[PDB]
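Everything on this sheet refers to the single structure shown next.
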Amino acid sequence: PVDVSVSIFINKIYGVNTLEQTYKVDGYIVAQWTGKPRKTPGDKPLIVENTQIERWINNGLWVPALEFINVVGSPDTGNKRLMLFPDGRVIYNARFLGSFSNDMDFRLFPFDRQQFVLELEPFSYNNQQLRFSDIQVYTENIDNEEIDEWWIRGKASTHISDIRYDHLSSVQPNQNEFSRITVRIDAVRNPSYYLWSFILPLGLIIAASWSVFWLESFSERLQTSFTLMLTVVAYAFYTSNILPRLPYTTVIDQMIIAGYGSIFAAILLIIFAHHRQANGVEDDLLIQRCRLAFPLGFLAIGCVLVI
Amino acid sequence: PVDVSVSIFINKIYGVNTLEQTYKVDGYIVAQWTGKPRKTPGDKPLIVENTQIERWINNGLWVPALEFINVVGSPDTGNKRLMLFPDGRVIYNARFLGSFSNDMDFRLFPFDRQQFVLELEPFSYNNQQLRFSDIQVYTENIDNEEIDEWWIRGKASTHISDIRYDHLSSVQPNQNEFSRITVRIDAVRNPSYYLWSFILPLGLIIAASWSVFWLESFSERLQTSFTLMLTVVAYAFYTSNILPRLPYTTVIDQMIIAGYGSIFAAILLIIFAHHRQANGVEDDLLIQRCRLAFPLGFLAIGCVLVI
Amino acid sequence: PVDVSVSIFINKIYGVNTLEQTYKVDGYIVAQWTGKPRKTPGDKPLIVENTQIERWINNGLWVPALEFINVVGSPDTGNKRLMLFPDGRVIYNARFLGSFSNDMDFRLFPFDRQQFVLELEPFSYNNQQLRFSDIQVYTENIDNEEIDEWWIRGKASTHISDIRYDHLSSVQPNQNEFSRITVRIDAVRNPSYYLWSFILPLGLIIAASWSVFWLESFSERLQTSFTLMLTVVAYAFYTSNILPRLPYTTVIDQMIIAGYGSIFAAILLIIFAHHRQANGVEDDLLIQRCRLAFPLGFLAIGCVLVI
Amino acid sequence: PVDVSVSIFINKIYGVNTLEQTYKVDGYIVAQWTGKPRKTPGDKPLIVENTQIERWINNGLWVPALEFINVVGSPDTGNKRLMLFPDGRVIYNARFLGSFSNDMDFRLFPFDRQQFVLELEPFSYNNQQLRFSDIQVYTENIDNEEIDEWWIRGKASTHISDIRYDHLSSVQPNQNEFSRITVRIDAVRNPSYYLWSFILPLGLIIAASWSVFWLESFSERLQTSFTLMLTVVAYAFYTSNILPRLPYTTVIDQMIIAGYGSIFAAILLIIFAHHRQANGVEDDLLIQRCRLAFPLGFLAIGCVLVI
Amino acid sequence: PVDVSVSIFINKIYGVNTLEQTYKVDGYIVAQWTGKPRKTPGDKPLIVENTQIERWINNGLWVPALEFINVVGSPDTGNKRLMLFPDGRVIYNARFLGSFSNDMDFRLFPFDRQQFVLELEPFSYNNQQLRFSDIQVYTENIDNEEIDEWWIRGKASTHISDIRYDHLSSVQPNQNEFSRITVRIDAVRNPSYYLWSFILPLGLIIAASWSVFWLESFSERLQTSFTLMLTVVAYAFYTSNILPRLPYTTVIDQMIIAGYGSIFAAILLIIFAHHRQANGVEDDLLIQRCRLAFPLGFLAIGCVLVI
Ligand SMILES: CN1CCN(C(=O)O[C@@H]2c3nccnc3C(=O)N2c2ccc(Cl)cn2)CC1
Ligand SMILES: CN1CCN(C(=O)O[C@@H]2c3nccnc3C(=O)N2c2ccc(Cl)cn2)CC1
Ligand SMILES: CN1CCN(C(=O)O[C@@H]2c3nccnc3C(=O)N2c2ccc(Cl)cn2)CC1
Ligand SMILES: CN1CCN(C(=O)O[C@@H]2c3nccnc3C(=O)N2c2ccc(Cl)cn2)CC1
Ligand SMILES: CN1CCN(C(=O)O[C@@H]2c3nccnc3C(=O)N2c2ccc(Cl)cn2)CC1
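The following block contains the structure:
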């Protein structure tokens, strides 16, 4: 059972696709194992780049194909390198840019916590043939957190395991466990942009909605919530067109639903204030003055949606 | 007639193109058929990965090309593996990402039922040369329905059948039936996002539209439905910029039309109210008070569109 | 002069690009021609799939390149197959997906009739070297038009001709006419979406524009016409974002220009009615009541557009 | 010094990318030169299609690589052809699709004059080794300009010149001038769509803005200018979503700023009119009756854009 | 320790992706080194183009792969050229187009200062095997600055350095410093388009907002502030849709925030003016006439955000 020791060097994690639950990783794989000793020129290690690697594989060099289990599509492999040592050991070094897949929950956007994952697994060789000895992951990142969209928490957490593959086994009974390296990088979204540019003005819109009650006439009170309604639509349009695509409501979506709610609720009280009377124009002196009543009724219903 | 056994492993079904009637399928194919026995190194099955498979083919390994009938474009093939057993049998295993085509009706969106389909068929060998012995499909999915756009329902239908290509047959008469594997995976759309952020406020807009009759003045009444019209336009827009491209009207698309209708029907009633008179300002006390007439008249005419 | 029988089987015609004048065709080419008899294994027809065709060609197999004349870029090719019969004859079968070029008039959108074309031609052999014996095209489609964007009308037109490249001929004089196959598929656009979701409400906006004249005051008449204008801009905006980009105006675009007009004409009359007076508010006592005059005056200006 | 004759046949010029200063050119390249006499099968010219050309190159056939100096990326090449004549001469024919770069000024859009340029040059051979003997360009386009976005004007300009790369020469001193073919194709934009759907309504918006002065009251005069303001924004938007992305203002863009200006200037005058007084309500019966004054001040700013 | 002399020729720097922090570079690499003397045809340096380069490599030509350290994905390579001299020296020449990554701060857009960076380093060989003797960069760009998006300021930066990978060294101890060429080009953004088309009209929007205090009534003062609010939303939208996407606010983003605030402060002062009284309509003679107060109060807070 060949021991393969791995090092992944992560260069940039970028381009998160909310819809596809996808993110881009550029970096390097280094894979090392020990073969039977060789005679290299001089005595110095033999270097074999790109094209020539296939030539060595033809003359019988075992260079096992390691699949990125959760890569969507197949990665752009940059340069490849075989490092063949005379003491026997073999190093395969190559650059890759890949699009990777992971479960991503975006429901509390723009306050999501996500985690970026890599899954390596030898493509054709079982655990009894090729085994992952160890893995080091190097996230050569740090600093400039507010210039980048995401805050990396940890240093990269790792777990090597055995996967079975209990569908038709049968082919090779007793031996259908593959060893799998699983690298996880934890991360937090830097919400500033979304707070100041989406959350804040959506609030000023929402708040200023409640100023509909400081209007004197019923005609004023009502004709204005129609403009005010048109505003939340202008906003939802502005919001939706800019924000990441998801198949669900995020927190910001709910804020917008709440805007439609306060305003539609406003419409109802306002019409109600007017026509519920003991004459015709008996506008409920206190209900018309719910100018404080439901702004804080919104903030109570607001603090409960937080739970 | 070579018996070929297939097993398809479905990893991710994503990216439905509504206009193109398209979806993405990531997975693995395993194909097995049995040959004349080989003398393999050691005695354990021989592994041939990617490039070396072509090398084996140039030397006469029969690897029959299995075509994805309904793949739009030609799939992204990942690692390929030939697994050659001494008892003769041959296993072809490769990872694939493909764009598949199937008839998709999205009329009752966002509540569509869809079925993601795969059709396998040997590219050059007929039922009398190469035959599909059996096929199993494994969708090793589970959990997180409320996170995903699509909810898979069954375990996946399978069907092997025989296709008669009766166009110039003639070339090889009597032997022009190809055997076809058909996988069908049932699905339902996640209607939550479309309900809460589209259906709901669209209703509040349509509903608030009716509050125009609670206005005292005629000029207020009329000038108002023009802001109100401007609303359903800004809203139809927000919908169409965000919702999926189609060549037909969905349930939402209709709501928008009924939206335009209520307002335009209103405008007419309002002018009628005013100008159908025996003086100038004889507003039909009852017709100006059709505040209940067409709000509940909209629910009957609205629900008849459901039949 | 080698006789080539061609047969194209059309699977999907999708993805029309209105600015670039483009469409996608997925299907298969089958080309048949006859060589000197071969000694094939058994005596049965010899099959050569993908990778191997190029190999036979290094050993002198003439497999002439047939070019897609009006293809944009170079086609996505699926599986290749040579079918080599012992009596001499040779059949080439391949799958393709290509983006094709053709003149397309979209002036009468959403009611265009279009025709999707394939133009095949030998890439290197003239009419005296390679000639198209015949060509048949099978678009084994039918049914479900109300699901697809386009409705195919005919069964496909065919045309074999001779193309005379008379630019420097000279090199090989008297012999530079290549034989060309031309396929034609007629189609009609499915106007349903555009009828209900563009034409109808745009008609309602314009119609409701005319309701400006039932407004009592001048202040009312002119201000409401500003909202009216903004609704046509909001509509102008919703139209252009969803509708296909063209370098010319369609029918829907004109309805829009007509909209801005009916509204701008009213602005002018409305100011006129009021300021053309013998006192100050002498709205030409009758002209303000052109409530019927220019709506049907619009429909006549509308039918002058039948020309 | 090898004499090479070139002929380019342009099939389609399309897809102008304003931002990147790029356009697509599809066509064929033909190059002819005279080698040492050969013995071809029969004695008529030998044809070598695609794959097979490298094979001929591997055996010492000089097929010199001619680079498209201004191509963005590397061209999509379709079928390749070698034509080997017994008298020595060699013909290289290939189809290409390329994105080419040239300086493009889009300021006076939608009436720009652009020129599509192709630049050809041997990649590895200097003027003393390989020289462009002559070149002719064929624009086999014609008819129906009214359906196409761009109108090709001339019959294509041609220039063979010598480029002196005087950077370290040194390597090969006295000999580092490359021969360069320059093709120029002038064209004009189809101004129809933009005149009718941008300029005409952009104008009617700006014009109707001026009706603010026929409003009687000060509220009306001031408040409407705000609604009037929102319209130039909504119009600014539609303009921006549809029109080409540039790093500078176009004519229309300036038209839009002028819309914003006329309205902001009106805001001031309207306020000035009201408050420049000898009472409170000394509304300049005249400055409020600059109803003719500043529409022609706009026609003046309009004619100043020409100076 | 092989001396490699490098020269980069920059053709075009374009296509900057703000979210990915990406930009496109088209140009040429020249690499020169001296090997052991060769026997070339004639005595003139031998030319080996594209395809034939690998053929020389398979015969043992050392052609070391130079990695673009900071490239995103792997470059589109055009023509390659090997120039093999009799005296030993070898020149590698290739055109390339790549997307490169560099840290980009876009906080004070549109008044950005950026620097476009290229990083070269041998993929497999350290400082002791392969060393960069010198490098010159030629950016033969100039002029028409007001036509191109970015104004290249300095000439070109050059820095050869030694990178110490101190990760498992071990494998090759004492020798794991690679020599790195770093090219820096400074550039400044052309702020014209965003000034004249964004900054300016945004300013006129904000300013014309303050005129709400010149309105006589409270309803005039309040209701208009809502149309004023919807106008900022409209502008936010138009801005957002056109401007480059980033994860943080730029200057324009703040202007919009300031716009939202100014309107909300107005909603407040205005309601307050009205209800802070000793009667009911005692509109504070100074606070109603904060017509100068907070137009200038915005200018100090506007001037303090700059400092
Ligand atoms: C990464 N590597 C290991 C797994 N492979 C694989 O084994 O494929 C399928 C697979 N994919 C998903 C889930 N289960 C299975 C399974 O049981 N397979 C299988 C089963 C038998 C044989 Cl001979 C080959 N493959 C592809 C290459
Ligand atoms: C998957 N497969 C079966 C179909 N092949 C082929 O049959 O293509 C066509 C095809 N496509 C669609 C409908 N009918 C036909 C037909 O009659 N064909 C055909 C073409 C050539 C020959 Cl020799 C025999 N048959 C190619 C490979
Ligand atoms: C199908 N086809 C590809 C184009 N080929 C070719 O003929 O190239 C050009 C071409 N393209 C478009 C229009 N006319 C011509 C012409 O007259 N050509 C030409 C010019 C010289 C020689 Cl030797 C051969 N052909 C020939 C066969
Ligand atoms: C078509 N083409 C191929 C590449 N060639 C080349 O000359 O590239 C560079 C280049 N590109 C742009 C501007 N100047 C130069 C220069 O002086 N070069 C150069 C550098 C070294 C050597 Cl040996 C030869 N040429 C020139 C002709
Ligand atoms: C340009 N070139 C040199 C080095 N390569 C390389 O060094 O890969 C990794 C790498 N990438 C990023 C950061 N550090 C390292 C490291 O220490 N590696 C490594 C791992 C094993 C061996 Cl033998 C040599 N080097 C990449 C290609």
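Protein chains in written order, with the authors' numbering: chain D, 11 to 317; chain C, 11 to 317; chain B, 11 to 317; chain A, 11 to 317; chain E, 11 to 317.
Beta carbons are placed, not taken as given, at the ideal position from N, Cα and C, and that holds for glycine.
Beta-carbon proximity list for residue i, same chain, < 8 Å, skipping 5 on both sides
{"i": "A:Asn21", "result": "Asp36, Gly37, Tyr38 and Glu150"}
{"i": "E:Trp72", "result": "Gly45"}
{"i": "C:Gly164", "result": "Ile195 and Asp196"}
7 Å CB neighbourhood of residue i in its chain, flanking five on each side removed
{"i": "A:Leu94", "result": "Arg48, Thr50, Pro55, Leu56, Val58 and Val100"}
{"i": "C:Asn154", "result": "none"}
Chain E residues whose Cβ lies nearer than 8 Å to that of residue i
{"i": "D:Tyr248", "result": "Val243, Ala246, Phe247 and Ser250"}
{"i": "A:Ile67", "result": "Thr61 and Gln62"}
Rounded C-alpha distance that separates residue i from residue j
{"i": "A:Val127", "j": "B:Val81", "result": "22 Å"}
{"i": "C:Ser179", "j": "C:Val12", "result": "21 Å"}
{"i": "B:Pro96", "j": "B:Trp66", "result": "15 Å"}
{"i": "E:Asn289", "j": "E:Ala283", "result": "12 Å"}
{"i": "E:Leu240", "j": "E:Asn27", "result": "31 Å"}
{"i": "C:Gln287", "j": "C:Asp294", "result": "8 Å"}
{"i": "D:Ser235", "j": "D:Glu292", "result": "21 Å"}
{"i": "B:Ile267", "j": "D:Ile209", "result": "38 Å"}
{"i": "C:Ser189", "j": "D:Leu107", "result": "39 Å"}
{"i": "D:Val14", "j": "D:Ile252", "result": "45 Å"}
{"i": "residue 324 of chain A", "j": "D:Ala303", "result": "No answer is possible for residue 324 of chain A: the residues shown for chain A start at 11 and end at 317."}
{"i": "E:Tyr102", "j": "B:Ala104", "result": "39 Å"}
Cβ-based neighbour list, residue i, same chain, cut-off 6 Å, excluding 5 preceding and 5 following
{"i": "D:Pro201", "result": "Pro120 and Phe121"}
{"i": "C:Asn112", "result": "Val127"}
{"i": "B:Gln146", "result": "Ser17"}
{"i": "C:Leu238", "result": "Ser219 and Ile273"}
{"i": "A:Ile152", "result": "none"}
8 Å Cβ cut-off: residues of chain C touching residue i
{"i": "B:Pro55", "result": "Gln182"}
Chain-ordered chain D contacts of residue i [CB-CB under 9 Å]
{"i": "C:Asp36", "result": "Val82, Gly83 and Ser111"}
{"i": "C:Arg91", "result": "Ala75, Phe133 and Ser134"}
Proximal chain B residues relative to residue i, where beta-carbon distance stays under 9 Å
{"i": "C:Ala283", "result": "The contacting residues do not exist; C:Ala283 stays about 11 Å from chain B at best."}
Chain D contact residues for residue i, given Cβ-Cβ distances below 8 Å
{"i": "C:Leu210", "result": "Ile267 and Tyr270"}
Chain-ordered chain A contacts of residue i [CB-CB under 9 Å]
{"i": "E:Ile101", "result": "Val181"}
Cross-chain neighbours of residue i in chain D, by beta carbon under 7 Å
{"i": "C:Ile157", "result": "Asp113 and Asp115"}
Within chain A, partners of residue i - CB distance below 7 Å
{"i": "E:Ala218", "result": "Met239, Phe274 and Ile277"}
Write down every uninterrupted run of the alpha helix (DSSP H) in the region 40 to 115 of chain C whose length is 4 residues or greater and which is fully enclosed by it, in chain order. Fully enclosed alpha helix (DSSP H) runs of 4 or longer: 61 to 68.
Within the region 118 to 173 of chain C, ranges of the beta strand (DSSP E) (whole runs, at least 3 residues): 123 to 132, 140 to 148 and 160 to 162, all fully within the region 118 to 173 of chain C.
At what residue ranges does the region 250 to 296 of chain B contain a whole run of the alpha helix (DSSP H), taking only runs of 4 or more? Runs of the alpha helix (DSSP H) inside the region 250 to 296 of chain B: 261 to 285.
Which parts of the region 177 to 235 of chain B are runs of the beta strand (DSSP E), unbroken and 3 residues or longer, counting only runs that do not cross its ends? With a minimum length of 3 residues, the continuous beta strand (DSSP E) runs that stay inside the region 177 to 235 of chain B are 187 to 199.
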